[PDB]
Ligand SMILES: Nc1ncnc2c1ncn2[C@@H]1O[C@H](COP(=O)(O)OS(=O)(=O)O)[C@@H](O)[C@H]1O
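As structure tokens, one chain now follows by itself in the form deposited without the ligand.
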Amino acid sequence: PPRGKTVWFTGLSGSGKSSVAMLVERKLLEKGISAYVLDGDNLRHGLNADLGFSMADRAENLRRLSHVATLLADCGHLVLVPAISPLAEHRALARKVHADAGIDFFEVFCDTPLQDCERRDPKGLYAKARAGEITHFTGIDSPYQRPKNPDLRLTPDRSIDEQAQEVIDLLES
């Protein structure tokens, strides 16, 4: 079967990465197109059980995710990676892993402002951060480096459904 591709999200916690990724996966699976949401939180229980949450370990999580994505893509899947990916350097690294493998890679920026993400707070992570229960939380006490040249910028005026269709349009362009 033909090589797949990778959509690499980036954005603040609660910006919509997983919501968009999951809906794109469903839309594609409804058409019989193999898609797969590769979420680091899932991998940390198994593949990445050796890692903690130091800065180096967060970078290594993303490095490994980039190689798992290239593997799944080479197996024919449309891979959707909803990681925060806060530093430019590790989005560049992840792209280079894909380019070295011959696999199409798209950087998709969920550009929702902090205030809006914090009002969403779907998992209560912002409430924990503000209470001092989580530190080095991207957007609060650790930096988010905004993508300068993303392939697609998703904005909060558009619905999850609309944004999902924009990702599919990108894939098909």
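Only residues modelled in both forms are compared. Position 1 is the first residue in the sequence shown; the rest follow in order. We call the rigid core whatever largest set of C-alpha positions still superposes within 1.5 Å between the two forms.
Of the two segments examined, 68-76 and 86-94, it is 68-76 that shows the higher average Cα temperature factor in the deposited entry.
As recorded in the PDB entry, 43-51 is the stretch of 43-51 and 122-130 with the greater mean C-alpha temperature factor. Of the candidates 37, 114, 33, 108, the one whose C-alpha carries the top B factor in the deposited record is 33. Per-chain ranking of the deposited C-alpha B factor places residue 145 in the lowest third.
Split the chain's modelled residues into thirds by C-alpha temperature factor. Residue 171 is in the highest one.
The form solved in complex with the ligand is left out here; the points below concern that form.
Note that among 23-31, 66-74, 101-109, 53-61, the stretch whose heavy atoms approach the ligand to within 4.5 Å in the bound PDB entry is 53-61. Residue contact check for residue 128: none of its heavy atoms lie within 4.5 Å of the ligand in the bound PDB entry. Contact annotation: residue 44 falls within 4.5 Å of the ligand in the bound PDB entry, judged by heavy atom distances.
Within 4.5 Å of some heavy atom of the ligand in the bound PDB entry lies at least one heavy atom of residue 40.
For residue 136, a non-hydrogen atom is located within 4.5 Å of the ligand in the bound PDB entry, even though that partner is not displayed. Although the ligand is not shown here, in the bound PDB entry the stretch 70-103 places heavy atoms of 83, 84, 85, 86 within 4.5 Å of it, in sequence order. Comparing the two forms between the shown form and the other one on the rigid core, the single residue of 44, 136, 64, 26 with a CA shift of 2 Å or greater is 44. Residue displacement note: residue 115 has its CA displaced by under 2 Å between the shown form and the other one (rigid core superposed).
Remark: 40-54 is the one run between the shown form and the other one in which three or more consecutive shared residues have Cα displacements of 2 Å or more on core superposition.
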